[PDB]
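Below you'll find the structure, written out as structure tokens, and then a few comments.
Since every read-out is calculated from the coordinates, none of them should be taken as a lab result. Using ideal geometry, Cβ is built from the backbone for each residue, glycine included, and neighbour counts are taken over all protein chains shown.
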Amino acid sequence: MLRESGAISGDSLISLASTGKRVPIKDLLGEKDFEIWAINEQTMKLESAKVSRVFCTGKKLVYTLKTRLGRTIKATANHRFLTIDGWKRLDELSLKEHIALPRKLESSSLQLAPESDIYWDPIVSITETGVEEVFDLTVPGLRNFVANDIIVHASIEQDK
């Protein structure tokens with residue numbers, strides 16, 4: 001059994017752990033060996049992880065996902081997000097379902113100061129937007145990264 005890998009809009013802003021800035025994934029095309037923020041599901045802590053490659057799978061239909069806090073991203077229907085019950089494709093998600101947001105951001109204060117590295121935010125809407133070039137990252141090990149301040153699954157590498 002092979003799962004099908006997802007992709008996100010080129011406008012998605014990727015958080016660079018070392019640089020501390022956010023760059024659209026389209027600008028990282030062809031780049032490698034740079035650091036991103038990813039969640040370790042076991043420890044549930046945010047770690048710095050290296051990207052092995054950035055690639056484009058062409059023009060595909062993307063959907064806009066919005067959360068209660070206003071986090072937004074455009075992704076293919078098969079792209080996976082982190083829920084309480086594990087990774088779920090965009091077309092598997094239900095309204096009011098919680099997805100993982102990083103608490104650590106490129107700011108002085110954490111996400112929810114008033115009250116361990118993840119904030120669970122409900123989905124308010126998923127809407128079909130249109131067709132545009134979509135990209136993904138390969139993150140050996142953790143296999144996820146922060147895009148538009150949302151935890152998103154990285155490329156699904158299929159050795160076999």
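Quick notes on this one:
- Region 13-28 - residue that is touching a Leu at 6+ places or on another chain (Cβ under 9 Å) and among the β-branched types (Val, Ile, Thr) and, of those, nearest to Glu133 (Cα to Cα): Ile25
- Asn78 satisfies every condition listed in (1) within 14 Å of the chain's Cα centre (by Cα); (2) assigned to a strand (DSSP E or B); (3) of a type in the set (S, T, N, Q); (4) within 18 Å of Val134 (Cβ to Cβ) except (2).
- Qualifying residue in region 131-153 (condition: in contact with a strand residue (DSSP E or B) (Cβ under 8 Å, 6 or more places away or on another chain), farther than 22 Å from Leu16 by Cα and outside any loop (DSSP other than H, G, I, E, B)): yes
- For region 140-160, filtered to residues that are surrounded by fewer than 22 Cβ atoms within 10 Å (Cβ to Cβ) and of a type in the set (A, V, I, L, M, F, W, C), the residue that is nearest to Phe55 (Cα to Cα) is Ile156.
- Residue in region 120-129 that is surrounded by fewer than 11 Cβ atoms within 10 Å (Cβ to Cβ) and either touching a helix residue (DSSP H, G or I) at 6+ places or on another chain (Cβ under 9 Å) or in a strand (DSSP E or B) (or both) present: yes
- Any hit, region 59-79, residues being closer than 16 Å to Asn144 by Cα and among the hydroxyl-bearing types (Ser, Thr, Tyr): yes
- Options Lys32, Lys59; residue that is of a type in the set (D, E, K, R) and either touching a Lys or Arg at 6+ places or on another chain (Cβ under 9 Å) or assigned to a loop (DSSP other than H, G, I, E, B) (or both): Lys32
- Where a residue in region 23-50 is of a type in the set (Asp, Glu) and its partner, wherever it lies, is assigned to a strand (DSSP E or B), with Cβ under 7 Å and at least six apart: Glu31/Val54; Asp33/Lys50; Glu35/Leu16; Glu35/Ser48; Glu35/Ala49; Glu35/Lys50; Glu47/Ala38; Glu47/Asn40
Residue-wise test of (1) among the small types (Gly, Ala, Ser); (2) over 14 Å from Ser125 (Cα atoms); (3) surrounded by fewer than 11 Cβ atoms within 10 Å (Cβ to Cβ).
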site	(1), (2), (3)
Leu65	no, no, no
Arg68	no, no, no
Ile73	no, no, no
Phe81	no, yes, no
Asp85	no, yes, yes
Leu95	no, no, yes
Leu101	no, yes, no
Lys104	no, yes, no
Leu110	no, yes, no
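- Residue ID - nearest to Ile151 (Cα to Cα), chosen from residues in region 35-56 that are assigned to a strand (DSSP E or B) and β-branched (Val, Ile, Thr): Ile39
- Members of region 55-106 found to be closer than 23 Å to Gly10 by Cβ and polar (S, T, N, Q), listed by number: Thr57, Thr64, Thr67, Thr72, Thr76, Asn78
- A residue that is under 20 Å from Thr76 (Cβ atoms), of a type in the set (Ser, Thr, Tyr), in a loop (DSSP other than H, G, I, E, B) and in contact with a strand residue (DSSP E or B) (Cβ under 9 Å, 6 or more places away or on another chain) can be found somewhere in region 9-23.
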